[PDB]
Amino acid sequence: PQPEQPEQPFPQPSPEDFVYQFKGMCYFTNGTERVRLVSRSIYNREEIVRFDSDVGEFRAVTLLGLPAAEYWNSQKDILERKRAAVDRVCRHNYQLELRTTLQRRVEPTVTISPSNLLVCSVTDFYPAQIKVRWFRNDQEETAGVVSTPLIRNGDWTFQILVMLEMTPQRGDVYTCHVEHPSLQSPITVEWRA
């Protein structure tokens, strides 16, 4: 109930480098209602062997990975374990997950500033799911709206920039409308020409 768990690999019997990777992916949908564990053994970039729990056994994927698999699949106790790592390793960490990562919200901070172009800048937010809208006089603009892709900061915070095209004039009032889980009610920021 206390620590996180992980997946466990197995013994299979211009400088140059040889790289080996092992990724123990879990895959979540509807909370803990759909969970798929994959287990990827990788030589350099070639995925060579895999245990995907929608499958129930090891499988090679390049010639290279075949002895590795043949052997493990024979070893009854390994399957035994690897079959139940989707409950031992995946659901577990999602429970500890539900109680930390998946409760942490961070209010984005909106800023509008000139290029004639006009940039609504939405900085520092988490989770990833955000919706940004522009408005020219309480009236949704969409044709001018050009966004950057979502920007992952990798300090657990995201940003996005969302540009709007406007040939300006007096009177005109432009407004950026941002909705995000951190928030009880949407943020709006206006810019006066």
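Each residue number is its position in the shown sequence, starting from 1.
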Item to check | Deposited but uncoordinated residues in the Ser115/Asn116 interval | outcome: 4 to 9
Checklist outcome for this item: In the entry, residues of the deposited sequence missing between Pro13 and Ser14 amount to 10 or more
Checklist outcome for this item: Quick note on 162-170 and 56-64: per-entry mean CA temperature factor is higher in 162-170
Next on the checklist: Tell me which stretch, 150-158 or 25-33, has the higher mean Cα B-factor listed in the entry.
Outcome noted: 25-33
Item to check | Residue selected from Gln129, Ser41, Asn137, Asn44 by maximal Cα B factor | outcome: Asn137
Item to check | Third assignment of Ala143 from its chain's C-alpha B-factors | outcome: highest
Checklist entry - Lowest, middle or highest third of the chain for the C-alpha temperature factor of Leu79? => result highest
